[PDB]
Structures are given as structure tokens and as C-alpha cells.
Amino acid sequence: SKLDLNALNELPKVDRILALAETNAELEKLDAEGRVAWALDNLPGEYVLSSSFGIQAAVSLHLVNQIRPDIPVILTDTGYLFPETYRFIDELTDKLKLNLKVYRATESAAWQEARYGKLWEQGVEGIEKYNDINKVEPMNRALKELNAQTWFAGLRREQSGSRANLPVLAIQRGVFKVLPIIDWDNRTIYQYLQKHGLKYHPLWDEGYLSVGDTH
């Protein structure tokens, strides 16, 4: 009965969703810790955790790392993160003792700009190429190098994205993607931070609702 990643990968995206619907109905009833426990018990390959080290990143990092100590933490350095994020990554990595795995584009940001100009200023196709070089290519290489088959991420339905209907389990980039805190609201996030002695990203106090790259 254990889900077969290879078989699932052979089905159209639409059909993968139908195949996981039942599993997702049961995962939805568990809490974040139990969802992580279930994945570790029923999902394959190497387990990895990714984070953008944004405003509320401390929650997913602490929660998953507590259950799976030294789990590889994939960070995609675009070369354009806020300086506060870099120091936040350094701080959290040291505090939670994260097995950090930094991945970056094939060449430096200066090299990229020398070749293509400022891609984020070139409409939809530029932004698309930028993400491919700085986020998509590096992450795919990471999953491969780390032999990942199960990937934990800290996405939440209530964040400003097309994530309102995201399930706990899905297949993405050819691997199982697990979202333990997919249903957490801001109150639950705060309570978790308070309880475990964690903090929001430093730019929260400068009024940043979210953080990524800065130009």
C-alpha cells in the first residue's frame, strides 16, 4: 500500500493528485509533527528540508529538525537576498544546528548581469529566466545531489500566493513534497515562536510583510 514514487511519476499531474487525495484526507487530520512523522515512516529516498529563511522560517526549521536531526537544509542563494536574511541564515544555522546546504547559480551574479543585463527588469521572460538560473536550476541540482525522494517545505495556505488549496502531500520536481504546517495561521506561528524561544526574521520589525531578493 506504500505509495510508489516511480509509478506516480509516470502519471499525468492531474492523475497524481487523484491518487494522493485519500492519503491527503488523512494527513489533513494530523498535526504538523504527526505529518512529519508519517512522511518519515511512509515516504522514501533521502529526506530534505528547504527554506527561504523569510519572516517565519524559524518555525518549519525548528519543527522538522527536532524530529529529523541533521536533515539536509537546502538554501537557494540567489546572490540577491537582503543582507538581513544572510545574517538570519547564519544565526539560525548556528542556533538550531542546521545541516545547511547552500546552492547557487552556475556563475556569480556579476557574471550573470554581464551576460544578460538585469533580468528582473526585462518583463515576464526576464523574470522567468532569472528564476530558472537562480532558483529552479540550483534546487533541481540539490534534490539530485542529495538523492532526495521526500522534500519538506514550510508553505502555508494563507500566504500571498496561489497556495490557498495546497494539500499536505504532492509530487513536485519528481519527488514527494510535504507541507507539515500548510494549515497554520499567524496565531499558531507566533505561539510556536514564543514557546520555543524563536524570533521572526529581523526585517519584520522594519515592516516587511515578506522578504526575498532586493535590487
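Start at 1 and count along the sequence shown; that's the residue number.
**Q** Would you tell me which stretch averages the higher CA B-factor in the PDB entry, 57-65 or 167-175?
**A** Between 57-65 and 167-175, it is 167-175.
**Q** Take the C-alpha B-factors listed in the entry for 124-132 and for 83-91, compute each mean, and give the stretch with the larger one.
**A** According to the PDB entry, the answer is 124-132.
**Q** Of the choices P202, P12, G207, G197, which one's C-alpha carries the largest B-factor in the record?
**A** Highest CA B-factor of the listed options: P12.
**Q** Going by the recorded CA B-factors, say which third of the chain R104 sits in, lowest, middle or highest.
**A** For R104, whose C-alpha B-factor we compare with every modelled residue in the chain, the answer is the lowest third.
**Q** Considering every modelled residue of the chain and its Cα B-factor in the PDB entry, is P180 in the lowest, middle or highest third?
**A** Ranked within chain, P180 CA B lands in the middle tercile.
**Q** Is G154 in the lowest, middle or highest third of its chain when residues are ranked by C-alpha B-factor?
**A** Ranked within chain, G154 CA B lands in the lowest tercile.
**Q** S50: which third of its chain by C-alpha temperature factor?
**A** For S50, whose C-alpha B-factor we compare with every modelled residue in the chain, the answer is the lowest third.
**Q** Taking the values exactly as deposited, rank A32 by C-alpha B-factor within its chain and report the matching third: lowest, middle or highest.
**A** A32: CA B-factor falls in the lowest third of its chain.
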